[PDB]
$ cat entry36.pdb   # PDB, C-alpha atoms
MODEL        1
ATOM      1  CA  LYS A  37       7.596   1.716 -18.569
ATOM      2  CA  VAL A  38       6.190  -0.858 -16.139
ATOM      3  CA  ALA A  39       8.583  -0.426 -13.213
ATOM      4  CA  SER A  40       8.928   3.271 -12.399
ATOM      5  CA  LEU A  41      11.163   4.271  -9.473
ATOM      6  CA  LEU A  42      10.518   7.329  -7.286
ATOM      7  CA  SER A  43      13.504   8.290  -5.130
ATOM      8  CA  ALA A  44      13.079   9.283  -1.480
ATOM      9  CA  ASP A  45      13.622  12.985  -2.127
ATOM     10  CA  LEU A  46      10.139  12.869  -3.682
ATOM     11  CA  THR A  47       6.742  13.632  -2.144
ATOM     12  CA  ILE A  48       3.255  13.177  -3.603
ATOM     13  CA  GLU A  49       0.661  15.963  -3.400
ATOM     14  CA  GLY A  50      -3.080  15.945  -4.075
ATOM     15  CA  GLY A  51      -3.397  12.874  -6.292
ATOM     16  CA  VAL A  52      -1.477  11.148  -9.097
ATOM     17  CA  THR A  53      -2.346   8.381 -11.575
ATOM     18  CA  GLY A  54      -0.238   5.760 -13.340
ATOM     19  CA  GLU A  55      -0.088   2.235 -14.772
ATOM     20  CA  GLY A  56       1.991  -0.889 -14.173
ATOM     21  CA  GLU A  57       4.310  -1.363 -11.194
ATOM     22  CA  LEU A  58       5.213   1.690  -9.108
ATOM     23  CA  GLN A  59       8.316   1.410  -6.924
ATOM     24  CA  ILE A  60       8.328   4.238  -4.361
ATOM     25  CA  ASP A  61      10.720   4.776  -1.452
ATOM     26  CA  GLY A  62       9.408   8.189  -0.409
ATOM     27  CA  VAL A  63       6.490   9.920   1.328
ATOM     28  CA  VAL A  64       2.956   9.956  -0.143
ATOM     29  CA  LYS A  65       0.623  12.841   0.727
ATOM     30  CA  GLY A  66      -2.684  12.627  -1.157
ATOM     31  CA  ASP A  67      -4.292  10.054  -3.462
ATOM     32  CA  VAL A  68      -2.729   7.309  -5.584
ATOM     33  CA  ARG A  69      -4.086   5.298  -8.522
ATOM     34  CA  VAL A  70      -2.141   2.465 -10.156
ATOM     35  CA  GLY A  71      -2.037  -1.254 -10.984
ATOM     36  CA  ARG A  72       0.760  -2.593  -8.767
ATOM     37  CA  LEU A  73       2.300  -0.672  -5.849
ATOM     38  CA  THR A  74       5.549  -1.644  -4.114
ATOM     39  CA  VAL A  75       6.387   0.317  -0.962
ATOM     40  CA  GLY A  76      10.145   0.917  -1.001
ATOM     41  CA  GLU A  77      12.400   0.907   2.059
ATOM     42  CA  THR A  78      11.557   4.449   3.178
ATOM     43  CA  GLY A  79       8.172   3.011   4.053
ATOM     44  CA  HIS A  80       6.370   6.385   4.102
ATOM     45  CA  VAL A  81       2.781   6.519   2.870
ATOM     46  CA  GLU A  82       0.077   8.827   4.256
ATOM     47  CA  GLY A  83      -3.193   9.224   2.364
ATOM     48  CA  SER A  84      -5.766   7.177   0.439
ATOM     49  CA  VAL A  85      -4.375   4.619  -2.021
ATOM     50  CA  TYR A  86      -6.531   2.806  -4.582
ATOM     51  CA  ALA A  87      -5.037  -0.091  -6.541
ATOM     52  CA  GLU A  88      -5.567  -3.696  -7.630
ATOM     53  CA  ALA A  89      -2.532  -5.198  -5.880
ATOM     54  CA  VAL A  90       0.182  -3.928  -3.524
ATOM     55  CA  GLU A  91       3.341  -5.330  -1.907
ATOM     56  CA  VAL A  92       4.374  -3.599   1.318
ATOM     57  CA  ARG A  93       8.021  -3.530   2.383
ATOM     58  CA  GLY A  94       7.656  -0.548   4.701
ATOM     59  CA  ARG A  95       5.082   1.515   6.666
ATOM     60  CA  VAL A  96       1.777   2.844   5.330
ATOM     61  CA  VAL A  97      -0.704   4.516   7.701
ATOM     62  CA  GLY A  98      -3.999   6.038   6.571
ATOM     63  CA  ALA A  99      -6.327   4.050   4.317
ATOM     64  CA  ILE A 100      -5.925   1.348   1.654
ATOM     65  CA  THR A 101      -8.384  -0.066  -0.892
ATOM     66  CA  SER A 102      -7.330  -3.090  -2.948
ATOM     67  CA  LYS A 103      -8.655  -6.571  -3.700
ATOM     68  CA  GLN A 104      -5.104  -7.915  -3.289
ATOM     69  CA  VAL A 105      -2.741  -7.044  -0.445
ATOM     70  CA  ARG A 106       0.391  -8.702   0.945
ATOM     71  CA  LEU A 107       2.352  -7.316   3.893
ATOM     72  CA  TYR A 108       5.980  -8.132   3.074
ATOM     73  CA  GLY A 109       9.010  -7.057   5.107
ATOM     74  CA  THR A 110       8.883  -5.607   8.627
ATOM     75  CA  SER A 111       6.148  -3.433   7.127
ATOM     76  CA  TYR A 112       3.423  -1.768   9.176
ATOM     77  CA  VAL A 113      -0.153  -0.594   8.532
ATOM     78  CA  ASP A 114      -2.254   1.770  10.664
ATOM     79  CA  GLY A 115      -5.675   2.936   9.473
ATOM     80  CA  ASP A 116      -8.833   1.723   7.740
ATOM     81  CA  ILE A 117      -8.153  -1.367   5.610
ATOM     82  CA  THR A 118     -10.455  -2.740   2.917
ATOM     83  CA  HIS A 119      -9.392  -5.810   0.939
ATOM     84  CA  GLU A 120     -11.039  -8.964  -0.402
ATOM     85  CA  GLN A 121      -7.848 -11.037  -0.578
ATOM     86  CA  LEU A 122      -5.070 -10.531   1.983
ATOM     87  CA  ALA A 123      -1.847 -12.333   2.911
ATOM     88  CA  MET A 124       0.362 -11.813   5.974
ATOM     89  CA  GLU A 125       4.105 -12.461   5.671
ATOM     90  CA  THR A 126       6.706 -12.444   8.448
ATOM     91  CA  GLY A 127       7.241  -8.754   9.254
ATOM     92  CA  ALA A 128       3.603  -7.631   9.088
ATOM     93  CA  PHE A 129       2.606  -5.479  12.087
ATOM     94  CA  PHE A 130      -0.673  -3.571  11.716
ATOM     95  CA  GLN A 131      -2.943  -2.137  14.391
ATOM     96  CA  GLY A 132      -5.883  -0.442  12.733
ATOM     97  CA  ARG A 133      -9.579  -0.886  12.095
ATOM     98  CA  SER A 134      -9.650  -3.678   9.514
ATOM     99  CA  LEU A 135     -12.730  -4.520   7.438
ATOM    100  CA  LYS A 136     -12.970  -8.095   6.165
ATOM    101  CA  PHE A 137     -15.192  -8.877   3.187
ATOM    102  CA  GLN A 138     -17.912 -11.246   4.391
ATOM    103  CA  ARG A 139     -20.481 -11.488   1.601
TER     104      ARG A 139
ENDMDL
END

$ encode --input "entry36.pdb" --output "structure tokens"
Amino acid sequence: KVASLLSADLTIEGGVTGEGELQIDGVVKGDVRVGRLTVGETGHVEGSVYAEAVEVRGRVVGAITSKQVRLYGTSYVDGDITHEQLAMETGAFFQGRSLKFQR
């Protein structure tokens, strides 16, 4: 109960909550609340996601809010980013308005 798996034939609506690691290889339309978030291979995420840590392995365009973020895989990010700690790994391609935490 700490590694859920949402197929691709699944789509999020409005907003959903959860706990632990969330493996999703589908499309997200709305809000998302969870501890860890792994973006499957479908790489489809459109909305506002709020979490503590996330590992991208696909594409997520919209808005992200998390103190920890790591762009893994040929992932992509387009939108407003807000993170205190960030790490770029080979395959990270994001053109959006990024906001770095100064002080």

$ resolve_selection --input "entry36.pdb" --expression "the PyMOL selection byres ((chain A and resi 121) around 8)" --output "PyMOL selection string"
chain A and resi 103-105+119-120+122-123

$ resolve_selection --input "entry36.pdb" --expression "the PyMOL selection byres ((chain A and resi 51) around 8)" --output "PDB file with C-alpha atoms, in the frame of the given file"
ATOM      1  CA  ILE A  48       3.255  13.177  -3.603  1.00  0.00           C
ATOM      2  CA  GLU A  49       0.661  15.963  -3.400  1.00  0.00           C
ATOM      3  CA  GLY A  50      -3.080  15.945  -4.075  1.00  0.00           C
ATOM      4  CA  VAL A  52      -1.477  11.148  -9.097  1.00  0.00           C
ATOM      5  CA  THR A  53      -2.346   8.381 -11.575  1.00  0.00           C
ATOM      6  CA  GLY A  66      -2.684  12.627  -1.157  1.00  0.00           C
ATOM      7  CA  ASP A  67      -4.292  10.054  -3.462  1.00  0.00           C
ATOM      8  CA  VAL A  68      -2.729   7.309  -5.584  1.00  0.00           C
ATOM      9  CA  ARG A  69      -4.086   5.298  -8.522  1.00  0.00           C
TER      10      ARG A  69
END

$ resolve_selection --input "entry36.pdb" --expression "the PyMOL selection byres ((chain A and resi 124-139) around 10)" --output "MDAnalysis selection string"
chainID A and resid 92:99 103 105:123

$ residues_around --input "entry36.pdb" --residues "residue A:62" --least-positions-apart "5" --cutoff "8 Å" --atoms "all atoms listed in the file" --output "PyMOL selection string"
chain A and resi 42-47+76+78-81

$ closest_residue --input "entry36.pdb" --among "A:90, A:85, A:39, A:100" --to "residue A:65" --atoms "all atoms listed in the file"
A:85

$ atom_distance --input "entry36.pdb" --atom1 "atom CA of residue A:89" --atom2 "atom CA of residue A:74"
9.0 Å

$ atom_distance --input "entry36.pdb" --atom1 "atom CA of residue A:37" --atom2 "atom CA of residue A:101"
23.9 Å

$ atom_distance --input "entry36.pdb" --atom1 "atom CA of residue A:54" --atom2 "atom CA of residue A:71"
7.6 Å

$ residues_near_point --input "entry36.pdb" --point "(10.3, 2.6, -11.3)" --cutoff "8 Å" --atoms "all atoms listed in the file" --output "ChimeraX atom specification"
/A:37-42,57-60

$ decode --input "entry36.pdb" --residues "stretch 79-117 of chain A" --atoms "N, CA and C atoms" --output "tab-separated table (two decimals), in the first residue's frame"
chain	number	residue	atom	x	y	z
A	79	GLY	N	3.85	9.61	-19.52
A	79	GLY	CA	4.30	10.98	-19.36
A	79	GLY	C	3.22	12.02	-19.57
A	80	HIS	N	1.98	11.77	-19.12
A	80	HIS	CA	0.93	12.78	-19.32
A	80	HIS	C	0.44	13.31	-17.98
A	81	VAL	N	0.69	14.60	-17.75
A	81	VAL	CA	0.25	15.26	-16.52
A	81	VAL	C	-0.10	16.72	-16.79
A	82	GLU	N	-1.38	17.06	-16.65
A	82	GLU	CA	-1.83	18.44	-16.88
A	82	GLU	C	-2.71	18.90	-15.72
A	83	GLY	N	-2.17	19.80	-14.90
A	83	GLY	CA	-2.90	20.33	-13.76
A	83	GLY	C	-1.94	20.89	-12.72
A	84	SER	N	-2.40	20.94	-11.47
A	84	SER	CA	-1.57	21.44	-10.37
A	84	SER	C	-1.27	20.30	-9.41
A	85	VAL	N	0.00	19.93	-9.29
A	85	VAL	CA	0.40	18.84	-8.41
A	85	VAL	C	1.16	19.35	-7.19
A	86	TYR	N	0.74	18.89	-6.01
A	86	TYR	CA	1.38	19.29	-4.75
A	86	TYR	C	1.89	18.04	-4.04
A	87	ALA	N	3.21	17.97	-3.84
A	87	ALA	CA	3.81	16.82	-3.17
A	87	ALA	C	5.12	17.21	-2.51
A	88	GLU	N	5.73	16.25	-1.81
A	88	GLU	CA	6.99	16.49	-1.12
A	88	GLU	C	8.18	16.15	-2.02
A	89	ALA	N	8.02	15.09	-2.82
A	89	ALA	CA	9.08	14.66	-3.73
A	89	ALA	C	8.49	14.00	-4.96
A	90	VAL	N	9.12	14.19	-6.12
A	90	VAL	CA	8.62	13.59	-7.36
A	90	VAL	C	9.75	13.23	-8.31
A	91	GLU	N	9.60	12.08	-8.97
A	91	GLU	CA	10.59	11.60	-9.94
A	91	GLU	C	9.93	11.52	-11.32
A	92	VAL	N	10.35	12.40	-12.22
A	92	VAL	CA	9.77	12.44	-13.56
A	92	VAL	C	10.49	11.51	-14.52
A	93	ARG	N	9.70	10.76	-15.30
A	93	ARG	CA	10.21	9.84	-16.30
A	93	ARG	C	9.39	10.03	-17.57
A	94	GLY	N	8.72	11.19	-17.63
A	94	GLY	CA	7.87	11.52	-18.76
A	94	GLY	C	7.61	13.03	-18.83
A	95	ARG	N	6.48	13.43	-19.44
A	95	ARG	CA	6.18	14.86	-19.60
A	95	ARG	C	5.04	15.35	-18.69
A	96	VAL	N	5.30	16.49	-18.05
A	96	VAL	CA	4.33	17.12	-17.16
A	96	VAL	C	4.32	18.63	-17.39
A	97	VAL	N	3.25	19.13	-17.99
A	97	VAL	CA	3.12	20.56	-18.28
A	97	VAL	C	1.94	21.17	-17.54
A	98	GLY	N	2.19	22.25	-16.82
A	98	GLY	CA	1.15	22.93	-16.06
A	98	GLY	C	1.75	23.70	-14.89
A	99	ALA	N	1.80	23.04	-13.73
A	99	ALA	CA	2.36	23.67	-12.54
A	99	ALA	C	2.72	22.61	-11.50
A	100	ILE	N	3.89	22.76	-10.88
A	100	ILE	CA	4.35	21.81	-9.87
A	100	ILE	C	4.85	22.53	-8.62
A	101	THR	N	4.51	21.98	-7.46
A	101	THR	CA	4.93	22.55	-6.18
A	101	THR	C	5.48	21.45	-5.27
A	102	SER	N	6.80	21.43	-5.10
A	102	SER	CA	7.43	20.41	-4.26
A	102	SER	C	8.83	20.84	-3.87
A	103	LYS	N	9.20	20.58	-2.62
A	103	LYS	CA	10.52	20.95	-2.12
A	103	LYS	C	11.60	20.09	-2.78
A	104	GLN	N	11.21	18.91	-3.26
A	104	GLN	CA	12.16	18.01	-3.92
A	104	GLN	C	11.67	17.61	-5.30
A	105	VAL	N	12.52	17.80	-6.30
A	105	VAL	CA	12.18	17.46	-7.68
A	105	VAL	C	13.41	16.98	-8.44
A	106	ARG	N	13.24	15.91	-9.21
A	106	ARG	CA	14.34	15.35	-10.00
A	106	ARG	C	13.82	14.92	-11.36
A	107	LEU	N	14.30	15.57	-12.42
A	107	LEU	CA	13.85	15.24	-13.77
A	107	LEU	C	14.65	14.06	-14.34
A	108	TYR	N	14.08	12.87	-14.19
A	108	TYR	CA	14.69	11.65	-14.71
A	108	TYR	C	14.13	11.34	-16.10
A	109	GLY	N	14.83	10.51	-16.86
A	109	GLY	CA	14.36	10.13	-18.19
A	109	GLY	C	14.32	11.33	-19.13
A	110	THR	N	13.93	11.06	-20.38
A	110	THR	CA	13.81	12.11	-21.40
A	110	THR	C	12.61	13.00	-21.07
A	111	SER	N	12.29	13.08	-19.78
A	111	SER	CA	11.15	13.85	-19.31
A	111	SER	C	11.14	15.28	-19.83
A	112	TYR	N	10.02	15.96	-19.61
A	112	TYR	CA	9.85	17.34	-20.04
A	112	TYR	C	8.91	18.08	-19.09
A	113	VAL	N	9.16	19.37	-18.88
A	113	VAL	CA	8.31	20.17	-18.00
A	113	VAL	C	8.06	21.55	-18.60
A	114	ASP	N	6.78	21.91	-18.73
A	114	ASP	CA	6.40	23.21	-19.29
A	114	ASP	C	5.31	23.87	-18.43
A	115	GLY	N	5.69	24.92	-17.71
A	115	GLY	CA	4.74	25.63	-16.87
A	115	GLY	C	5.46	26.37	-15.74
A	116	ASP	N	4.71	26.70	-14.69
A	116	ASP	CA	5.27	27.40	-13.54
A	116	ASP	C	5.83	26.40	-12.54
A	117	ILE	N	7.14	26.46	-12.30
A	117	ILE	CA	7.79	25.54	-11.36
A	117	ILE	C	8.15	26.26	-10.07
